[PDB]
């Protein structure tokens, strides 16, 4: 898990809960004097432990917290990798380019990142079938991110998530409906 993910998480926790809470989280779930260098790899268990702690503090379902983080996370990355996201002029293009453009770039920007396997298929009625697969099973982070990407393009979406690794499958299917964006008028 790359430091950049931890950095954006810090920004989120500091904004919602305060720096005092972030320091508690860091002292408890990370070794002494931990500093997350953005480009460096760290143990994903450090992230999961922090996020699980946050969920418990807020009395929220863990996946609802991961989804919220995902939405916050898209803006964090879009602002840290503005050149990558500016390759796309709309939400649908970006989603269709997550694997072959965005995360492909991430392999050139970062040393050996740990990334999901994603494939998007355009459907009729302005829908997208996004297939997700990863041993980390962060499909709800992916949902959040998609909602973040929608917000970035002033678009509105709904997501159905009825095939899932958490209910036994070896992948998730995220069916995205684009309800509105700047190029969508009556239908």
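Positions refer to the first chain, counted from 1.
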- prompt: Looking at the deposited entry, does 48 to 56 or 150 to 158 carry the larger mean Cα B-factor?
  reply: 48 to 56
- line: Going by the entry, of stretches 128 to 136 and 33 to 41 the one with greater average Cα B-factor is 33 to 41
message: Can you tell me which of 173, 12, 176, 169 has the maximum CA B-factor listed in the PDB entry?
response: 12
- request: Could you look up the Cα B-factor of residue 64 in the entry and say which third of the chain it sits in: lowest, middle or highest?
  value: middle
message: Please say which third, lowest, middle or highest, residue 83 falls into when its CA temperature factor is compared across its chain.
response: middle
- request: Would you mind checking where the Cα B-factor of residue 89 ranks among the modelled residues of its chain, as the lowest, middle or highest third?
  value: middle
